[PDB]
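Participant:
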Amino acid sequence: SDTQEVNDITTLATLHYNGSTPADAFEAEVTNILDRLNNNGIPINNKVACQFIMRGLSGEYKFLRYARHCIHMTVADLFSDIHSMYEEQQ
Amino acid sequence: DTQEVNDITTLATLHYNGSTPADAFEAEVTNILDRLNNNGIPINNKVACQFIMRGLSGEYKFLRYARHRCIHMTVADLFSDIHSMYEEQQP
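Same order as they appear, the protein sequences are chains A and B. 1 is the number of the first residue of the first sequence in the working numbering; add one for each residue after it. 101 is the number of the first residue of the second sequence in the working numbering; add one for each residue after it.
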């Protein structure tokens, strides 16, 4: 709590996702972290946030990284794709 | 175009135990904090100090023990202590 920023940044920098947990829940936790960082004066823009998320994608989700080498893609757009892929894996 | 991600990753994974010059450590940490700021991500004194302290090992861990909740310590103050310790370690 004293170290909220450091912990949130660390989490953002070490994200891993390959569809082993629900896409919704992953999305919710990443949104929460991005929102809290912003509220604590550390602005993570769409590009930087997308890069942190993309770099943690493994399994089939790595192909989303390969596909979006996408100028002006939003977190929302990336999360849409992730959810789509997750739904297809069920 | 991944400069911010790289710089934040560096900041989050710092390591210093006196095996390299304190000056060089300080220079690289300053460089990263400056470049982040220039790329619209200012990192305040507290957060910067926490990242540096967390990376201290060997005898430098004792600086973290002494200062973990040292309210309103500056990066400059922390760097001073690290440099002092380094100078004392030199033969």
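Idealized CB from N, CA, C, for every residue including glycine.
Starting from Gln103 (chain B), trace the alpha helix (DSSP H) in both directions and tell me its first and last residue.
Facilitator: Taken as a continuous stretch (DSSP letters only), the alpha helix (DSSP H) holding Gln103 (chain B) covers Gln103 to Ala112.
Participant: Note down, in chain order, each residue of its chain lying with its Cβ closer than 8 Å to the Cβ of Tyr160 (chain B), except the 5 sequence neighbours on either side.
Facilitator: Counting only Cβ-Cβ distances below 8 Å, and skipping sequence neighbours, we find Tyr116, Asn117, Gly118, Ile182 and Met185.
Participant: At what residue ranges does the region 11-65 of chain A contain a whole run of the alpha helix (DSSP H), taking only runs of 4 or more?
Facilitator: Correct list: 23-39 and 46-56.
Participant: Can you tell me the Cα-Cα spacing of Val147 (chain B) and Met73 (chain A), whole angstroms?
Facilitator: Those two C-alpha atoms are separated by around 29 Å.
Participant: Going by beta carbon distance, what residues of the same chain come within less than 8 Å of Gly155 (chain B), once the five residues before and after it are set aside?
Facilitator: The answer, listed in chain order, is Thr113, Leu114, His115 and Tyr116.
Participant: Any C-beta of chain B within less than 9 Å: which residues of the region 6-17 of chain A qualify?
Facilitator: Within the region 6-17 of chain A, the qualifying residues are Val6, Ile9, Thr10, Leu12, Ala13 and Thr14.
Participant: So what's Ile182 (chain B) in DSSP terms, helix, strand or just coil?
Facilitator: DSSP places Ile182 (chain B) in helix when its eight states are reduced to three.
Participant: Chain A partners of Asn131 (chain B), CB-CB under 9 Å?
Facilitator: Chain A residues near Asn131 (chain B): none, gap ~18 Å exceeds 9 Å.
Participant: Is the shortest distance between the beta-carbon of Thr74 (chain A) and the beta-carbons of chain B less than 8 Å?
Facilitator: False, the Cβ-Cβ gap to chain B never drops below 8 Å.
Participant: Check whether chain A comes within 8 Å of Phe179 (chain B), counting only Cβ atoms and requiring the distance to be less than that.
Facilitator: Taking Cβ atoms only, chain A never reaches closer than 8 Å to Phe179 (chain B), which makes this a no.
Participant: For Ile44 (chain A), I'd like the list of residues in its chain whose CB is within less than 6 Å of its CB, leaving aside the five on either flank, ordered along the chain.
Facilitator: Excluding positions up to five away in sequence, the list reads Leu34 and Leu37.
Participant: Roughly how many angstroms separate the alpha carbons of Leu12 (chain A) and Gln51 (chain A), rounded to a whole number?
Facilitator: Their Cα atoms are separated by approximately 10 Å.
Participant: From the DSSP output, in three-state form, read off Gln190 (chain B) for me.
Facilitator: In this structure, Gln190 (chain B) counts as coil in the three-state DSSP scheme.
Participant: How would you label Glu87 (chain A), buried or exposed, when you count the other beta carbons within 10 angstroms and need 16 or more for buried?
Facilitator: Exposed is the call here.
Participant: Alpha carbon to alpha carbon, how far is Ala166 (chain B) from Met153 (chain B)?
Facilitator: Each residue's Cα considered, the two are about 10 Å apart.
Participant: Buried or exposed: which applies to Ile141 (chain B), given that a residue is buried once 16 or more other Cβ atoms fall within 10 Å of its Cβ?
Facilitator: Under this definition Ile141 (chain B) is a buried residue.
Participant: Beta-carbon of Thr120 (chain B) versus every beta-carbon of chain A: anything under 8 Å?
Facilitator: Not one chain A Cβ lies under 8 Å of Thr120 (chain B).
Participant: Applying the 10 Å Cβ sphere with the 16-neighbour rule, what's the burial state of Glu5 (chain A)?
Facilitator: Classification for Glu5 (chain A): buried.
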